[PDB]
Structure formats: C-alpha cells, structure tokens
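Visitor: Please read through the structure below; I'll follow up with questions.
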Amino acid sequence: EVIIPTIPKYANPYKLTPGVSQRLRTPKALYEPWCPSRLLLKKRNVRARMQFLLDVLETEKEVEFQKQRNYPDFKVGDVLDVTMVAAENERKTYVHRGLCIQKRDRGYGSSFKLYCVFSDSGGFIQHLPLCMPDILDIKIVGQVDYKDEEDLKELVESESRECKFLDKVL
Amino acid sequence: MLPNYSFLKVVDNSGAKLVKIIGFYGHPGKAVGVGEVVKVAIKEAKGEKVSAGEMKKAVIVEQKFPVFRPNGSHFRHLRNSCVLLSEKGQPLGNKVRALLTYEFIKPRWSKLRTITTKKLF
Amino acid sequence: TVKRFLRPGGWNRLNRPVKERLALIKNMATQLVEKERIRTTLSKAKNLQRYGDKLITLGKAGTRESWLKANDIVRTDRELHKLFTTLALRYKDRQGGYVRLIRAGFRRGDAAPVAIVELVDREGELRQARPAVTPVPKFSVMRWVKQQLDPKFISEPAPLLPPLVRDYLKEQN
Amino acid sequence: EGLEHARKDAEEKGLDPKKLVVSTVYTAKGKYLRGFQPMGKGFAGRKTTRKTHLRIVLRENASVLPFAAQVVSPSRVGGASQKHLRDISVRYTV
Amino acid sequence: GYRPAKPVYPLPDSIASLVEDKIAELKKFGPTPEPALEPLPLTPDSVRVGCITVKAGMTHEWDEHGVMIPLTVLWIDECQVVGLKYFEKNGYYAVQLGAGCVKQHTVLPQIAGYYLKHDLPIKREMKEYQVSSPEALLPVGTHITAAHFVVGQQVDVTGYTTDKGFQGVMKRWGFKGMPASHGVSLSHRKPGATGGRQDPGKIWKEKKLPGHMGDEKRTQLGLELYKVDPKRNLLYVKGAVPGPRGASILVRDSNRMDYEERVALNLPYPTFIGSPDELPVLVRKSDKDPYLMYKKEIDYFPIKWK
RNA sequence: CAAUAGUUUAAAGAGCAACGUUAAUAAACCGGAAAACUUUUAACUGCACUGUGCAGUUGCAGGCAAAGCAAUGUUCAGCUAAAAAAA
Ligand SMILES: [K+]
Ligand SMILES: [K+]
Ligand SMILES: [K+]
Ligand SMILES: [Mg+2]
Ligand SMILES: [Mg+2]
Ligand SMILES: [Mg+2]
Ligand SMILES: [Mg+2]
Ligand SMILES: [Mg+2]
Ligand SMILES: [Mg+2]
Ligand SMILES: [Mg+2]
C-alpha cells in the first residue's frame with residue numbers, strides 16, 4: 001500500500017563538472033543550463049541560466065566551424081586574398097584582393113571589411129561575416145602602413161595606391 | 001536608398017553628365033536603389049545626342065547606401081551613378097565605365113552586361 | 001548590493017555634473033582611509049563603498065602602474081603612504097569585501113536616509129568580521145570537493161616570505 | 001510630547017497607564033503672524049505663519065481599535081553579534 | 001472591482017428543506033474519468049494541446065543554401081498535465097497544463113494545496129487547453145516535451161511584451177508632431193487637436209493619448225519551426241517572439257494550416273508516446289531556390305517597354 | 001534586437017533605436033465583469049527599488065579572479081547564525 005518514488009541516477013560518478021562546452025581558459029561550470037530547475041543543487045535564476053545557455057550553443061557551433069576551416073590571424077592594415085562563391089552566378093568561384101579596414105572579434109558573429117580601388121570606377125567596400133560558408137579561403141599577401149584611424153579614414157575617402165588587382169580572378 | 005529629387009552622375013558616353021530624379025514608376029516606396037528605373041531631367045550635357053532641359057529614363061547602377069545580400073554580407077560604392085535608357089529599354093550609349101554587380105545578372109539586362117567594362121561577377 | 005545604472009561605469013550621478021562628481025568622490029575616499037569610519041547619506045555611501053573597494057585593490061597591487069593611478073585619486077601624501085604600506089599588508093588574504101555599509105535611519109532636517117561606512121578588519125570595528133581565509137574541517141565533504149576542483153585552495157594565512165624565497169636567501173647566504 | 005504629558009497627568013490622578021486609550025484628539029486655531037510678499041507688476045500677496053493648539057484626552061477601558069504592530073530587533077552591532085561563527089561546511093553536502 | 005453584495009434572507013420553513021434537497025442532488029457527481037494514453041486517428045476538426053515554454057534569446061545560422069536565418073530559442077523545462085475538466089461537472093472538456101517549479105514557502109496555501117493533494121510539484125504557471133472529445137483527455141502527470149512537435153511545421157506564439165514605461169504620442173502611436181522651426185512655440189511633440197467645438201462637444205472613447213506602454217498580451221501567427229532538439233527540450237523558431245528574456249510563451253499548432261497539411265506532417269495525436277531521450281536533432285529541409293530570380297523573371301518590375 | 005546603421009567616455013559583445021529583421025488578409029485577434037469548478041488554519045510588507053525581479057538564504061546584475069564581463073568561477077560585504085549525546 002506504499003509506493004516508493006523513483007530517484008534519478010548521477011550521470012558522471014564522482015565527477016563534479018558536467019563537462020559543458022566552454023572556452024579553454026574559462027573556469028568550468030558545475031551545472032547544465034538546460035537542466036530542469038527541480039534537479040539543481042543551486043536554484044539560480046532562469047533569466048541568468050538562459051544567458052549561459054546561449055553561450056554554450058555559440059561555442060558548440062564555433063567548434064564545428066574550426067574543424068571545417070582554418071584561417072590566419074589577420075589584423076587591420078593587412079592585404080588579403082579572399083576566395084568566395086557567388087550564389088547568384090550559379091555558385092561560381094572568384095578571388096578578391098583588398099585591404100582590411102575593420103575587424104570585429106565577437107565570437108560566431110565576427111566580421112571584417114575589405115576595401116579596394118579600381119582604375120576608373122573608384123572605391124568599393126564589402127562587409128563579410130567571417131563564419132559564412134560562402135568564404136572558402138583567406139591568405140595574407142602584404143601590409144599597408146597607417147598612423148591612426150583618422151589617417152586610415154582619410155586614405156579610404158581619397159582613393160589612391162589601393163589598386164592591387166584591377167579586376168577579380170576566375 | 002535615393003529619395004526623389006536627388007542628383008546623379010552619368011557613367012555612359014551619351015554626353016550627359018548630371019541628371020536629377022523627378023519621378024518614380026510603380027510603387028517602390030519613399031526611396032529607390034540599384035536596379036530600378038526612374039525619370040530624370042538633364043541638367044548638364046555636352047553633346048548632340050542629348051541636351052540640357054530634356055527628360056529621359058535611367059537605371060541606377062551604383063549607390064553609397066549598403067546593398068544587402070541573402071548571405072548576410074553587403075557592399076557600398078563611393079558615388080551615385082545611372083545609365084540613360086531609351087523608350088524601348090536600351091542604353092543610349094555603347095560604353096559604360098562602371099562596376100557591374102549581381103543585380104544585372106538578370107536576363108533583362110543583357111545589353112548592359114555586354115557594353116560594361118568591369119564586372120564584379 | 002550597489003545598484004548598476006546605464007551611464008559609463010554604472011555609477012551614481014550624485015545629482016552633480018561629472019567633473020564635480022569626480023572631485024567629490026576623491027575627497028571622501030581620502031577621508032575614509034584617514035579615519036576608517038564615516039557617516040553620510042545613503043547615495044554617497046553606496047558609491048563610496050564600491051569606489052573604496054577598488055582603491056584598496058590598487059594598494060594591494062604594489063606596482064608602479066597602480067601607484068600612478070592612485071596618486072591621482074588620493075589627496076594627501078600621508079593617506080597615500082598608509083594605503084600601500086599598512087592596508088596592503090592588512091588585506092593580503094582577504095578577497096574582496098574590504099568595506100561594509102550599515103543603514104542608520106533618517107536625518108532630522110530633510111529626513112534623508114543615512115548610513116555608516118567602515119573597514120572590516122581592525123581595532124574599533126563595529127562588528128567582528130569573518131576570517132580572511134575560511135578554515136576547512138579535516139573530515140568534511142568541503143575538503144574533498146575543494147581538492148577535486150581547486151587543488152590550490154588556501155586554508156590558513158600565509159607568511160610574508162614564502163618558503164621558496166626563504167630557501168633562496170639561505171642558499172645565497 | 002503631548003502623549004507623554006497626558007500620561008503623566010493620568011498617573012497623578014490614579015489611573016493605570018496599561019489600560020489607557022486615546023479617546024479624543026482635536027486641534028484649535030491660534031494667533032497668526034500676518035505678512036506680505038511682493039509679486040510681479042506691482043501686485044502683492046499674503047505671507048502668513050500659522051499656529052495651532054492640540055488637545056489629547058486619555059481614558060481607561062474606552063472602545064479601542066484592534067490594530068497591532070509587529071516588532072523586530074534592530075541591527076546587532078558589538079560583542080552581541082555572532083554571525084561570524086557560522087559554519088559554512090554543511091551547504092556543500094547533499 | 002465587484003458590485004456591493006446583495007442582501008440575503010432566510011428561507012421559509014415550508015420551503016427550506018425542499019431547496020436543500022434539490023441543490024444537493026444537482027451538486028452530486030459521479031466518478032472521475034480515467035483517460036488512457038493511446039494513439040488516436042486525426043479528424044478534420046480536432047485540436048491538439050499546446051505547451052508552456054521559456055524564451056531564451058536570439059541567434060543565427062546558415063542553411064543548406066547558404067542563407068542567414070535569424071532564430072529564437074525556446075526552452076521547455078517541465079510541462080505536465082495537472083488537471084482535467086469534463087462535461088458532467090464543468091460543461092466542457094479541457095486539459096490543464098502547468099510548468100515551472102517553486103518552493104513551498106513562497107506561494108499562498110491555496111495554490112500549494114492543489115498540487116500537494118495529488119502528489120505533484122508546485123508549478124509556477126498554469127494554463128488550460130480545450131479538447132474536442134472525452135477521448136482527447138490525457139492522464140494527469142503526462143509530460144509534454146519537445147517531441148510533441150514536428151520539425152518544419154508552423155506554430156503560433158503568445159506572450160506579454162516588454163515594458164516601456166510612460167511614453168508620448170509620437171513614440172506610442174506614431175503621431176507626426178509639429179515643425180521644429182518657423183515660429184512654433186512649446187508644442188513640438190504635443191498631440192494637437194483632440195476634438196472640435198460645441199458639436200459633438202466631447203472626446204470619444206479610446207482617443208489616442210500618452211500613457212503606459214509595453215506590457216500587453218500579443219500573438220504571432222505562422223512562424224516556422226526550424227530545428228528541434230528533443231533531448232534538451234529546445235525549439236528553434238525563425239522570426240521574432242514577443243517578450244523579453246525569461247518571458248513565458250505559449251506554443252500552439254498554427255491555425256493557418258489546413259487539414260491536408262496536418263495530415264502530411266503526421267503530427268502526434270494525442271501526443272508523442274515514448275522516450276524523447278533517444279531522438280536525434282533534426283533540421284527542416286526547404287525545397288525552394290532563394291536565387292531563382294537571377295535565372296527566371298519572377299520579380300516585380302512595373303515598366304512595360306516599347 | 002542574432003546580424004547591419006546611428007547614439008553615451010567614471011564605456012561597452014551595455015541599453016534604447018530604424019535606415020534593419022519577422023508575421024498577418026481572419027467567424028482571426030484583444031479588454032473587463034461573471035455563472036460553475038477547485039484549493040485554503042479563507043488570503044494580504046520587503047532584496048537602495050521613481051527600469052525590470054519570469055531572484056527570498058549555498059537567494060543575489062556588490063566586491064574579488066587567469067573569465068565571453070547583467071554570463072562562468074569564488075573562502076569576502078549586507079539583509080537572516082546553527083547543532084541533542086551514543087548505538
Ligand atoms: K578594481
Ligand atoms: K469610440
Ligand atoms: K524575438
Ligand atoms: Mg517694481
Ligand atoms: Mg519632425
Ligand atoms: Mg510667446
Ligand atoms: Mg521650440
Ligand atoms: Mg478651442
Ligand atoms: Mg533589448
Ligand atoms: Mg560586478
């Protein structure tokens with residue numbers, strides 16, 4: 001006439017860290033953000049746990065991307081050669097050469113800006129997500145010196161000595 | 001994103017140099033961009049094909065406002081330019097000094113895709 | 001806890017422009033070091049508690065860079081000397097929480113709230129603070145857990161000169 | 001001050017302070033100090049300082065309301081505070 | 001609020017006994033039904049139950065065509081059946097769902113009493129879904145998980161929006177305002193006229209004015225379910241969802257879908273029976289070309305040449 | 001509000017915004033009263049609280065760390081300190 005409830009088991013015997021996906025230098029967490037509130041040793045806010053849940057998902061996607069691609073650690077002021085696929089033109093491959101004028105390091109949302117000048121048409125700027133699958137390769141080919149951001153902005157507005165390659169290859 | 005009554009630079013060899021938008025076609029909204037056809041008035045021309053004071057049709061080829069692609073990237077130019085067209089839909093010149101973008105891969109711009117010097121695709 | 005605002009740094013506005021706001025907080029921070037206990041309004045006390053904790057952190061650093069930053073905050077030479085020598089040794093093992101705040105009711109004239117701000121380890125302290133390093137029972141789950149997660153847990157106060165420095169001096173001499 | 005003065009009066013008359021109830025309270029007008037303050041464009045206004053009298057009457061076993069307030073102790077400061085003796089080793093267990 | 005209570009009177013001795021006998025007879029109920037969990041056929045007019053979830057935030061991904069897709073993440077902590085309604089006692093059939101978890105000493109005894117009586121955890125939120133037939137009732141305690149949905153379907157979301165505070169007409173209703181120059185005097189952001197003159201002589205109800213803005217119930221229809229993670233109780237939905245982080249969101253099969261579409265999806269009915277732990281992560285497949293307009297003329301072009 | 005553009009130096013992967021993103025062409029959607037039903041010893045402040053508390057004691061947007069900086073880790077601060085012995 002007595003019904004005993006079921007007690008859940010422990011996933012990792014004698015291990016105090018669940019083993020969630022985090023960056024190498026970050027101290028390891030002690031819980032899984034998707035675990036139900038009822039089964040937690042510490043009852044932390046749902047709102048704070050949802051922020052931690054998104055960080056874990058971002059790191060999982062970043063790990064998969066790094067296994068697929070290997071790009072160099074370029075900086076602002078370097079000249080780059082970028083291989084891209086044009087989905088509009090039946091997924092054809094082209095190679096672009098230009099100067100890197102802006103770089104944002106924001107995890108999975110990282111991006112950079114590529115600048116080039118043509119013989120008659122003038123300057124042309126592109127904004128490219130770094131983790132976009134359309135990009136196939138990136139290489140460093142040179143460097144352009146600048147003093148500060150103001151100097152770099154003046155150079156962009158006044159198109160000069162930025163005509164590495166006149167047209168796109170392939 | 002060009003509102004009405006904006007000034008444009010002509011990048012063909014028909015003779016016109018400066019035009020002003022005076023009208024739109026259809027329902028594009030409050031502004032127009034690359035790939036749309038507008039009505040313009042010629043302000044400065046040096047040639048026999050066209051003269052100042054006339055009204056012509058034109059197509060936007062370059063703009064400084066970001067142009068977005070489905071993959072999340074975008075690009076920008078450093079000028080606003082257009083190409084004059086005839087009532088039949090063909091250019092009034094035979095040489096365009098501009099960078100053609102993906103908008104003109106469409107079948108209706110075959111003539112422009114032939115007379116343009118540099119193409120991004 | 002101290003509320004966080006939307007302005008740069010999340011600090012209080014103290015009903016003052018930024019220039020006058022910084023001049024005021026620097027003066028009060030100097031007096032806190034000199035006297036170690038001050039009674040003021042709640043808003044000035046909350047800001048002073050958070051600002052005071054970060055000033056002690058500079059003193060513990062004991063570096064040329066830290067001293068340069070502190071030399072622009074403290075107003076008196078005697079107060080700056082005390083910060084790097086006396087308070088630096090006092091809070092060697094304490095990890096944060098060097099200042100406490102206790103509310104003390106309302107004033108008489110304008111009925112403003114007030115509080116008392118004090119340092120947390122000294123003679124004359126309002127209360128007795130917990131030890132800087134928490135002792136760990138020898139047969140407790142806590143001891144086993146810390147070994148598995150942080151082998152470098154500190155259980156007792158450490159000497160001024162660690163054994164490695166002492167051994168080097170002995171070998172040298 | 002009025003409440004304390006009235007209770008002292010009750011004790012002199014031989015009443016029990018533990019059964020007193022506030023049965024009547026009201027105010028009364030005093031003598032005012034009149035004044036004037038200038039306004040714009042040559043107009044003038046009033047500037048008056050008011051005064052009032054207060055009367056309190058305490059009676060035994062009068063009809064009273066049931067309101068009662070909860071009481072708590074203040075912050076413990078000094079040798080009477082023992083929050084520093086807490087043992088935090090228990091919270092690491094299951 | 002409520003109106004003042006109406007007076008009551010004792011019944012005459014010749015009628016009191018009769019009234020009590022009849023009232024008791026009407027308030028006597030039979031045994032509670034015992035639902036059985038078994039797959040059922042889907043009919044042209046048959047509604048399923050929804051679920052209660054928590055909003056986590058937004059992210060993005062690239063699809064098989066290389067297109068960027070904005071996504072909103074919803075987490076299902078613990079959703080269970082906590083009660084039933086049936087015709088004999090209430091006049092209609094419904095299923096009550098609860099989600100969340102709270103401590104006993106943080107809620108009123110009235111709320112905690114219901115859950116303790118049936119050996120269920122105290123849940124933070126409770127919501128009712130109406131069913132079509134008694135056979136659609138689920139046994140009390142059944143779990144509603146992420147496997148309840150089929151990847152690639154359309155869903156509706158409901159919730160309370162983000163609180164914005166006291167705002168003016170320009171931000172609350174988009175009024176134009178008045179010129180910044182040319183003699184304007186202290187009326188740059190004011191609503192302007194609010195009526196006429198002696199006729200009609202009053203201000204109409206629901207005239208738009210300043211006030212509080214941002215805490216109201218809103219519904220979005222026809223969002224697409226992009227990815228499903230049954231093991232971790234996650235749903236990825238394309239588009240925007242009302243409410244800030246932590247808001248409670250109700251998820252339901254969209255009413256925009258026809259019966260044929262539901263049959264094609266083969267939605268679980270009454271719900272998914274099994275263990276969701278041993279299920280893989282699935283992403284919907286779109287048999288469409290986002291770049292078709294570059295090969296064929298399908299776009300909008302107002303001008304006809306010649 | 002993931003991304004893109006603008007905006008704050010006690011700064012920033014902050015917050016708010018559209019020039020940005022998603023959805024709608026319906027017996028759908030939203031508001032207040034209230035029958036009936038259910039639960040209770042018939043309920044009733046508060047986290048600096050003029051943003052939000054979907055945070056009430058291993059609770060926390062303070063402090064501190066090698067850390068993505070309203071997240072992760074944490075021995076300190078404040079609100080609110082705990083235990084029969086033995087078998
Ligand atoms: K600091
Ligand atoms: K009306
Ligand atoms: K959203
Ligand atoms: Mg005068
Ligand atoms: Mg205006
Ligand atoms: Mg005037
Ligand atoms: Mg004005
Ligand atoms: Mg009037
Ligand atoms: Mg926001
Ligand atoms: Mg902090």
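For the structure tokens, the naming scheme is as follows: chains receive sequential letters (A, B, ...) according to their order of presentation, residues are indexed from 1 within each chain, and ligands are indexed from 1 in presentation order.
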Do me a favour and pick out the residues of chain C within 8 Å of chain D, using only C-alpha atoms, as a list in words.
Guide: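 My answer is residues 126, 127, 128, 129, 130, 136, 137, 140, 141 and 142 of chain C.
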Visitor: Pull N, CA and C atoms from the residues just selected and write them as an mmCIF file, in the first residue's frame.
Guide:
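In the end it all went to selection.cif:
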```
data_model
loop_
_atom_site.group_PDB
_atom_site.id
_atom_site.type_symbol
_atom_site.label_atom_id
_atom_site.label_comp_id
_atom_site.auth_asym_id
_atom_site.auth_seq_id
_atom_site.Cartn_x
_atom_site.Cartn_y
_atom_site.Cartn_z
ATOM 1 N N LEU C 126 33.009 47.951 14.202
ATOM 2 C CA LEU C 126 31.656 47.835 14.739
ATOM 3 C C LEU C 126 31.321 46.388 15.072
ATOM 4 N N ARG C 127 31.649 45.468 14.171
ATOM 5 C CA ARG C 127 31.421 44.044 14.359
ATOM 6 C C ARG C 127 32.737 43.306 14.174
ATOM 7 N N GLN C 128 32.700 41.995 14.388
ATOM 8 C CA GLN C 128 33.835 41.125 14.120
ATOM 9 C C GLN C 128 33.605 40.437 12.782
ATOM 10 N N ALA C 129 34.509 40.668 11.836
ATOM 11 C CA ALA C 129 34.362 40.109 10.504
ATOM 12 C C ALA C 129 34.855 38.667 10.468
ATOM 13 N N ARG C 130 34.367 37.926 9.480
ATOM 14 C CA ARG C 130 34.804 36.556 9.302
ATOM 15 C C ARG C 130 36.279 36.527 8.908
ATOM 16 N N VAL C 136 38.873 24.847 7.097
ATOM 17 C CA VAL C 136 38.179 23.718 6.494
ATOM 18 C C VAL C 136 38.298 22.526 7.438
ATOM 19 N N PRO C 137 37.192 21.918 7.875
ATOM 20 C CA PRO C 137 37.301 20.716 8.709
ATOM 21 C C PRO C 137 38.021 19.595 7.974
ATOM 22 N N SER C 140 35.388 16.723 6.329
ATOM 23 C CA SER C 140 34.174 17.299 5.774
ATOM 24 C C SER C 140 34.134 17.087 4.267
ATOM 25 N N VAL C 141 32.916 17.066 3.722
ATOM 26 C CA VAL C 141 32.753 16.997 2.273
ATOM 27 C C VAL C 141 33.404 18.200 1.609
ATOM 28 N N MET C 142 33.429 19.343 2.296
ATOM 29 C CA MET C 142 34.012 20.547 1.716
ATOM 30 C C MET C 142 35.475 20.330 1.352
#
```
Visitor: Excluding residue 106 (chain B) and residues on its chain fewer than 6 positions from it, collect all residues at most 12 Å away from it, counting only C-alpha atoms (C1' of nucleotides), and give them as a list in words.
Guide: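 That gives residues 88 and 89 of chain A; 35, 100, 112 and 113 of chain B; 291, 292, 293, 294, 295, 296, 297, 298 and 299 of chain E.
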Visitor: Find the spatial neighbours of residue 169 (chain A), counting only C-alpha atoms (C1' of nucleotides), within a cut-off of 9 Å - ignore same-chain residues fewer than 4 positions away - and output them as a list in words.
Guide: residues 93, 94, 95, 96 and 165 of chain A
Visitor: Would you write out those residues with N, CA, C and O atoms, as a compact mmCIF listing (two decimals), in the first residue's frame?
Guide:
```txt
# COMPACT_ATOMS: atom_id res chain seq x y z
N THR A 93 33.20 30.52 -58.44
CA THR A 93 34.25 30.91 -57.52
C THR A 93 35.04 32.09 -58.07
O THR A 93 35.40 32.12 -59.25
N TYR A 94 35.31 33.07 -57.20
CA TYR A 94 36.12 34.23 -57.54
C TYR A 94 37.11 34.50 -56.42
O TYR A 94 36.91 34.06 -55.28
N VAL A 95 38.18 35.22 -56.75
CA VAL A 95 39.20 35.60 -55.79
C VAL A 95 39.28 37.12 -55.76
O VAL A 95 39.45 37.77 -56.80
N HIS A 96 39.14 37.69 -54.56
CA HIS A 96 39.17 39.13 -54.35
C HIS A 96 40.42 39.50 -53.56
O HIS A 96 40.80 38.79 -52.62
N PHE A 165 44.92 44.57 -57.49
CA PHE A 165 44.48 43.91 -58.72
C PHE A 165 43.30 44.68 -59.28
O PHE A 165 42.37 45.03 -58.55
```
Visitor: Please identify the residues whose atoms come within 8 Å of ligand 7, using only C-alpha atoms (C1' of nucleotides) and all ligand atoms, and report them as an mmCIF file with N, CA, C and O atoms, in the first residue's frame.
Guide:
```
data_model
loop_
_atom_site.group_PDB
_atom_site.id
_atom_site.type_symbol
_atom_site.label_atom_id
_atom_site.label_comp_id
_atom_site.auth_asym_id
_atom_site.auth_seq_id
_atom_site.Cartn_x
_atom_site.Cartn_y
_atom_site.Cartn_z
ATOM 1 N N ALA E 180 9.897 71.957 -36.332
ATOM 2 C CA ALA E 180 10.952 72.338 -35.402
ATOM 3 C C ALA E 180 11.257 73.829 -35.426
ATOM 4 O O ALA E 180 11.908 74.325 -34.501
ATOM 5 N N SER E 181 10.808 74.548 -36.447
ATOM 6 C CA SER E 181 11.140 75.960 -36.611
ATOM 7 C C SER E 181 9.914 76.667 -37.182
ATOM 8 O O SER E 181 8.800 76.136 -37.168
ATOM 9 N N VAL E 184 7.093 77.989 -34.253
ATOM 10 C CA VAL E 184 6.445 77.081 -33.317
ATOM 11 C C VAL E 184 6.847 77.442 -31.888
ATOM 12 O O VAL E 184 7.978 77.870 -31.623
ATOM 13 N N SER E 185 5.908 77.272 -30.957
ATOM 14 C CA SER E 185 6.090 77.690 -29.567
ATOM 15 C C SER E 185 5.642 76.573 -28.626
ATOM 16 O O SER E 185 4.443 76.381 -28.406
ATOM 17 N N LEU E 186 6.612 75.839 -28.076
ATOM 18 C CA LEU E 186 6.389 74.890 -26.980
ATOM 19 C C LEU E 186 5.356 73.819 -27.322
ATOM 20 O O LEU E 186 4.583 73.403 -26.457
ATOM 21 N N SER E 187 5.312 73.358 -28.574
ATOM 22 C CA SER E 187 4.358 72.317 -28.947
ATOM 23 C C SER E 187 4.966 71.322 -29.929
ATOM 24 O O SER E 187 4.253 70.750 -30.761
ATOM 25 N N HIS E 188 6.277 71.093 -29.838
ATOM 26 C CA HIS E 188 6.960 70.275 -30.834
ATOM 27 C C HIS E 188 6.454 68.833 -30.829
ATOM 28 O O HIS E 188 6.266 68.237 -31.895
#
```
Visitor: Return as a list in words every polymer residue, whether protein, DNA or RNA, with at least one atom no more than 9 Å from an atom of ligand 3; count only C-alpha atoms (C1' of nucleotides) and all ligand atoms.
Guide: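 Checked against 9 Å with only C-alpha atoms (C1' of nucleotides) and all ligand atoms; the hits are residues 55, 57, 58, 71, 72, 73, 238, 239, 240, 241, 242, 243 and 244 of chain E; 1 and 22 of chain F.
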Visitor: Report the distance between CA of residue 100 (chain A) and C1' of residue 20 (chain F) in Å, rounded to one decimal place.
Guide: 24.3 Å
Visitor: Taking only C-alpha atoms (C1' of nucleotides) into account, what are the residues of chain F at most 6 Å from chain C, put as a list in words?
Guide: residues 10, 11, 62, 63, 64, 75, 76 and 77 of chain F
Visitor: Set the distance at 8 Å and use only C-alpha atoms (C1' of nucleotides): which residues neighbour residue 11 (chain B) once local chain neighbours fewer than 5 positions away are removed? I'd like the list as a VMD selection string.
Guide: chain B and resid 17 81 to 83 96 to 98
Visitor: Using only C-alpha atoms, please write the residues we just selected to a file, as a short mmCIF file (atom, residue, chain, number, x, y, z; two decimals), in the first residue's frame.
Guide:
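Output contents, as saved in out_19.cif:
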```
data_model
loop_
_atom_site.label_atom_id
_atom_site.label_comp_id
_atom_site.auth_asym_id
_atom_site.auth_seq_id
_atom_site.Cartn_x
_atom_site.Cartn_y
_atom_site.Cartn_z
CA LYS B 17 26.95 64.48 -67.15
CA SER B 81 25.51 56.93 -60.90
CA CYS B 82 23.00 55.92 -63.56
CA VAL B 83 22.71 54.99 -67.24
CA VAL B 96 29.79 52.20 -69.59
CA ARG B 97 32.62 52.96 -67.15
CA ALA B 98 31.19 51.32 -64.05
#
```
Visitor: Neighbouring residues of ligand 2 are defined here as those with any atom at most 9 Å from a ligand atom, counting only C-alpha atoms (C1' of nucleotides) and all ligand atoms; list them as a JSON list (two decimals) with C-alpha atoms, in the first residue's frame.
Guide:
```
[["chain", "number", "residue", "atom", "x", "y", "z"],
["E", 203, "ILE", "CA", -13.88, 63.44, -26.53],
["E", 204, "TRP", "CA", -14.55, 59.95, -27.88],
["E", 205, "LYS", "CA", -13.61, 56.80, -26.01],
["E", 206, "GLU", "CA", -10.22, 55.26, -26.85],
["E", 207, "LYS", "CA", -8.83, 58.53, -28.19]]
```
Visitor: Can you pull out every residue with an atom within 7 Å of ligand 5? Use only C-alpha atoms (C1' of nucleotides) and all ligand atoms and format it as a VMD selection string.
Guide: chain E and resid 176 to 180
Visitor: Got a sec to pull out which chain E residues are within 12 Å of chain A, counting only C-alpha atoms, and send them as a ChimeraX atom specification?
Guide: /E:53-69,71-79,99-103,119-124,229-234,236,244-248,289-296
Visitor: Mind listing the strand (DSSP E) residues of region 12-101 of chain C, per DSSP on the backbone, as a count of residues only?
Guide: 8
Visitor: Measure the distance from CA of residue 95 (chain E) to CA of residue 158 (chain E) in Å and round it to one decimal.
Guide: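 Between CA of residue 95 (chain E) and CA of residue 158 (chain E) the gap is 18.2 Å.
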Visitor: Check every residue of chain F for an atom within 12 Å of chain B, counting only C-alpha atoms (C1' of nucleotides), and provide those that qualify as a PyMOL selection string.
Guide: chain F and resi 2-5+19-21
